[PDB]
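Novice:
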DNA sequence: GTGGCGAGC
DNA sequence: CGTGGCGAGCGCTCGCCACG
DNA sequence: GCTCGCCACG
Ligand SMILES: [Sm+3]
Ligand SMILES: [Sm+3]
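Residue numbers (our numbering), protein chains in the order written: chain Y, 903 to 1468; chain R, 87 to 670.
(1) Excluding the five sequence neighbours on either side, which residues of its own chain have a C-beta within less than 8 Å of the C-beta of residue 1056 of chain Y, listed in chain order?
(2) Just mark residue 1181 of chain Y as buried or exposed, buried being the case when its beta carbon has 16 or more other beta carbons within 10 Å.
(3) Terminal residues of the continuous alpha helix (DSSP H) containing residue 1218 of chain Y?
(4) Are the CB atoms of residue 1261 of chain Y and residue 1278 of chain Y nearer to each other than 8 Å?
(5) At what residues does the beta strand (DSSP E) containing residue 174 of chain R begin and finish?
(6) I want to verify the contact list: residues of chain R whose CB lies under 8 Å from the CB of residue 1467 of chain Y, in sequence order.
(7) Give me the chain Y residues within the contact set of residue 232 of chain R, using Cβ-Cβ distance strictly less than 7 Å, ordered along the chain.
(8) In angstroms with no decimal places, state the Cα-to-Cα distance between residue 650 of chain R and residue 539 of chain R.
(9) Have a look at R:524, R:627, R:638 and R:494 and flag the residue whose alpha-carbon is nearest the alpha-carbon of residue 268 of chain R.
(10) Confirm the yes/no value for this check: CB of residue 1215 of chain Y, any heavy atom of ligand 2, distance under 7 Å.
(11) Could you pull out every residue in the same chain whose Cβ sits closer than 7 Å to the Cβ of residue 917 of chain Y, ignoring the five residues on either side in sequence?
(12) What do you reckon, are the CB atoms on residue 552 of chain R and residue 505 of chain R nearer than 8 Å?
(13) According to the Cβ coordinates, are residue 161 of chain R and residue 132 of chain R closer than 8 Å?
(14) For residue 324 of chain R, which of R:428, R:119, R:310 and R:351 has the nearest alpha-carbon?
(15) So for residue 941 of chain Y, helix, strand or coil by DSSP?
(16) Since residue 1091 of chain Y and residue 1301 of chain Y should fall inside the 8 Å C-beta cutoff, what is the C-beta to C-beta distance between them, to a whole number of angstroms?
(17) Going along chain R in order, which residues have a C-beta closer than 7 Å to the C-beta of residue 1248 of chain Y?
(18) Rounded to whole angstroms, what is the Cα-Cα separation between residue 1408 of chain Y and residue 1388 of chain Y?
(19) Does residue 1269 of chain Y come within less than 8 Å of chain R when only Cβ atoms are used?
(20) Spatial neighbours of residue 712 of chain R within its chain, please: CB distance less than 6 Å, with the 5 preceding and 5 following residues excluded, ordered by chain position.
(21) Rounded to the nearest angstrom, how far is the Cβ of residue 1547 of chain Y from that of residue 1237 of chain Y, given a contact under 8 Å?
(22) For the beta strand (DSSP E) containing residue 664 of chain R, list its first residue and its last residue.
(23) Within the continuous alpha helix (DSSP H) that includes residue 1233 of chain Y, where are the two ends?
(24) For residue 586 of chain R, would you say it is in contact with chain Y, using Cβ-to-Cβ distances shorter than 8 Å as the test?
(25) In the DSSP output, which residue or residues are listed as bridge partners for residue 1431 of chain Y?
(26) Contact criterion: CB-CB distance below 8 Å. Does residue 176 of chain R meet it with respect to chain Y?
(27) Compute the Euclidean distance between the alpha carbons of residue 1075 of chain Y and residue 913 of chain Y, then round it to the nearest angstrom.
(28) Starting from the N-terminal end, write out each residue whose C-beta falls within a distance shorter than 7 Å of any non-hydrogen atom of ligand 2.
(29) In this structure, what does DSSP give as the bridge partners for residue 1290 of chain Y?
(30) Which residues mark the beginning and the end of the beta strand (DSSP E) in which residue 1132 of chain Y is found?
(31) How would you list, in chain order, the residues of chain Y whose beta-carbon sits under 7 Å from the beta-carbon of residue 236 of chain R?
(32) Report the rounded CA-to-CA distance for residue 1265 of chain Y versus residue 1450 of chain Y, giving the unit in angstroms.
(33) In this structure, how does DSSP classify residue 1015 of chain Y when only helix, strand and coil are distinguished?
(34) Rounded C-beta distance between residue 596 of chain R and residue 626 of chain R? I'm assuming under 8 Å.
(35) My parser needs the alpha helix (DSSP H) runs of 4 or more residues fully inside the region 1086-1123 of chain Y; what are they?
(36) With respect to the beta strand (DSSP E) encompassing residue 243 of chain R, which residues constitute its N-terminal and C-terminal limits?
Laid out in structure tokens, this is it:
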């Protein structure tokens, strides 16, 4: 009767619609649009959804087959057209749209028609020949397109629902918590519109970089960059500046900041180091958006000053600022440090020793000969360690989730739960997570450090029993083979080590997750364990990984680096 | 747009491709590779050639600069890599190769990292220290290797096999290759090819390996690495021995000498000859004499070097070895060899007297009857006070002595005139196998006895015509050759030696025809020995046209025997000679 | 028998 | 996010004929 | 004729 995709689509609509303040962010014609959607037949809405999920290109009705809708879709198509949501081939007025709708033989045929010198050239060459040259509709036949603007309305609706959600989700269950809305994230309708346009631009730029289209990426970023200033004096940014960090990330300014940050990577990829420096200086000159990115900025900036521009003195100043700033995490900190020594110890910098005066005072390797992790596991199977897990960060993060579930999801923290479809509270990757949950955190982590083995086992079982299967981003319900395996592991790790790991994850998930060794192996009898990082040929320890090997070693956990040789 | 080096490389490769029978000496996969090169983009080929002349090591990608090829080399690198011609830093797995690639600061950094002793230490000591540190089946070396690669960065290396293929192709192009090849213009002649020099692919390969070894040995000796030069030489010695009884070697012995120099055996013979000098340096004089005996036991390779060989053997028997009787025997056998040049011959006789007059060998007098009666003259020697180049001081003195003109041109002066007088015979048609390709500066038999014997009728007629030629004839013929070949590259002729055609005509007028005929005869008959003895300087009074050939010798610089022989020859033909000594 | 190449699909 | 349909791109083989 | 990159679908 009622297909899943439409159910999901209708859930999102209901959630946004019943909440009146967000509903105030749409004009009358737009509400009229949603009304029109509601007036569609079911077959119409189902077709509309199936089409709406595709990026908008013209599609021949002979491309259309949907048993789940109708064995002949035409009356559905008529309905959607009459409603003003679909358009037919009679509205084809863009040359490129028609050119690209035609398959290969047709374009070849048409090429033969006009006495094009070559009819058998590449498609793109014919496309270009036609464009220079500038009935294709006469030969094409019946076609349909999703109408632009109404899809942009639904686009913004969907955007609003979850700004950052699998297909199974309509079947899937999220954790329970309570809704807490108090602050308005978008100042007005137009603010939402500017937000959405920034989003799409960032998505274009990202796409470009992924495909190596760096020159186009730079143009698109340069346009974005222009459009920004000419806004970044606008009123709404005001109330955006008043939003907490974990909500501020969903503002127009934050998005364009991210855009500028990719611009840095673009400039560097193109070896335009100078321009890059300016963007870095610019980003570091404000502290309003993306504090989390400050560490990345200084770290890249120093490298730009130190090794390609080679203007050493302001490089020194940069590094010193870098270490001096509060928001730098440990990884970038250490990287900056090693660079500080590096500049400090070359005859090139024999003189400028006097500018290095603020300076702070800031592992076991082995080798063996398809899967490098599985080879390691086989070896430790020989070494008496009958259990082992290749799960990287999710293993430990999963333990974190199992030990601190009720705190991660505790009531009383405004705006971290905004709807019933979140995998985690919104402040998770910010320091304010910990500062906002300090009393429960501090007392329970102390409770962990001193807890006897079986207590850990008991708490793990409790969470496992009460929570298994539901989506929590911290927990991979398939990382462990069984509750028992997890109980055996917590028994081997013991209370202080667990305490240490949970501390790191709670203080800083974004970087703890990225720091954890691939492997963990243990003997189920003796509870002797080793935490092993695995490196094949051309695989190297990152700075983050080195920091966490040290940290785990400090907690008394035994760590090892296993290199597989070709 | 289409750069010179690619023009040049394409000429060499095409010239080779156009001859099918030489092409039969390569297998399919190698030709396939060259096909693929030909199919590459222009930027691709440009890059390969620019990398090709750069020597075989890994090279850091941040050092490569080629604006004229590509502002971004990434996709070109990609093309050459996919095509199997280059490799990237991803393929660097030898610890030593990466340790060799690293700059000084980087190696210093790495050294401090592993708490290596003497970190301000020298590069090479740190390299050796790392390799020992690695030797802590299997080893801790691989991990060190990773980290050295990490600091080194993106790097490329020219692939070994394909480079070797192009290597052999260039080798074969010029059995006789600086930049100017694309633009330089050769004399005309017609190709006359009848011989296959290489029996098959592996014979060429053996040939090439001998070449590279000789190259190494020469390089080693030059750097004073006598120990490594000796090991390399001994390896080569076995490598020549372990080639014994090869079929193709018989075929090498069948072809004429002037092409025999283009065989593996000739090259190893040259290697053995330097081997003599090597062992002498290291005082292995025993091995020396033996090796020399070995060289002289055959007359198949480098007969031209026999004069050097006999003379050095005599010396070795004569002195430190102090084995006097066989020394006498050696000198006598030496003189009995007919192919020995006059210079060393004079040297050898001089040694016969020299031993005869130290009481040590008075008893052995019965062995002293071989004596020629040709005793040693002294012509006109003079001295000047030095302060500058010795030649230039001499020139200044002769201008004070009324010789307003002067040229410091050594042999190339007369050789140039030789070239002007006999050009069309030097390049004449009808002599098979002296011209093999379009890029020769000289006929292949030029420095070989068959040059003269193969062109005797035309030569005898032309030297007779020169001996009798009046001034006007000489000047006219010189102008003819000058005009018809001006600009063309002739190995005899230096187109910068003379001030102008007119000066050259004035010089032939001053020295005169009979002398010219005499000189051309000697150098035509025996170039490698005539060309070498000619005086550094030549001055003349432009009024009387009286000229002098002057050899200049600063303190501690002495007449060589060939120079002394040619002063005597020149005086005999009536030319006047003088020797100028500069005092410090 | 072999190579080298050009045309099919 | 991982996998399948599926179009676009592209290589391949084989076969001819000159020739030792 | 094949494999590979791209876009629907749970
Ligand atoms: Sm279907
Ligand atoms: Sm340059």
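Even for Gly, the Cβ is constructed at its ideal location relative to N, Cα and C.
Specialist: Taking the coordinates as given:
(1) In its chain, beyond the 5 residues on either side, 939 and 954 have a beta carbon closer than 8 Å to the beta carbon of residue 1056 of chain Y.
(2) By the 10 Å Cβ count, residue 1181 of chain Y comes out buried.
(3) Start and end: 1214-1226.
(4) Between residue 1261 of chain Y and residue 1278 of chain Y, the gap from beta carbon to beta carbon reaches 8 Å or more.
(5) Note, residue 174 of chain R: beta strand (DSSP E), 172-174.
(6) The answer, in chain order, is 224 and 228.
(7) Neighbours of residue 232 of chain R across chain Y, judged by C-beta separation under 7 Å: 1442.
(8) If you take the alpha carbons of residue 650 of chain R and residue 539 of chain R, they lie about 27 Å apart.
(9) Nearest of R:524, R:627, R:638 and R:494 to residue 268 of chain R, Cα basis: R:524.
(10) Result no, Cβ not under 7 Å from ligand 2.
(11) So the list reads 1063 and 1321, once near-sequence residues are dropped.
(12) No.
(13) No, the pair does not count as a contact, with Cβ atoms beyond the cut-off.
(14) Per the Cα distances, R:351.
(15) Coil, per DSSP.
(16) That pair is no contact at about 45 Å.
(17) Taking a Cβ-Cβ threshold of 7 Å, the residues of chain R close to residue 1248 of chain Y are 191, in chain order.
(18) The alpha-carbon atoms of residue 1408 of chain Y and residue 1388 of chain Y are separated by roughly 20 Å.
(19) Using a CB distance cut-off of 8 Å, residue 1269 of chain Y counts as an interface residue toward chain R.
(20) The first residue shown for chain R is 87 and the last is 670, placing residue 712 of chain R beyond what the model contains.
(21) Outside the shown range of chain Y (903 to 1468) lies residue 1547 of chain Y, about which nothing can therefore be said.
(22) Looking at the DSSP string, the run of the beta strand (DSSP E) that includes residue 664 of chain R is 663-669.
(23) Per DSSP, residue 1233 of chain Y belongs to the alpha helix (DSSP H) from 1232-1246.
(24) Not an interface residue.
(25) Per DSSP, the beta-bridge partners of residue 1431 of chain Y are Y:1424.
(26) It does; some Cβ of chain Y falls within 8 Å.
(27) Their backbone Cα atoms lie some 14 Å apart in a straight line.
(28) Each of R:151 and R:153 has a C-beta closer than 7 Å to some heavy atom of ligand 2; these make up the full list, in chain order.
(29) According to DSSP, which records beta bridges pairwise, residue 1290 of chain Y is partnered with Y:1423.
(30) Taken as a continuous stretch (DSSP letters only), residue 1132 of chain Y belongs to no beta strand (DSSP E), as it is neither H nor E.
(31) Close to residue 236 of chain R, with beta-carbon spacing below 7 Å, are these residues of chain Y in chain order: 1442.
(32) When rounded, the separation of the alpha-carbon atoms in residue 1265 of chain Y and residue 1450 of chain Y is 10 Å.
(33) If DSSP states are grouped into helix, strand and coil, residue 1015 of chain Y belongs with the helices.
(34) Their Cβ separation, rounded to whole angstroms, is 5 Å, which keeps residue 596 of chain R and residue 626 of chain R in contact under 8 Å.
(35) Counting only runs of 4 or more, we get 1091-1112.
(36) Looking at the DSSP string, the run of the beta strand (DSSP E) that includes residue 243 of chain R is 241-244.
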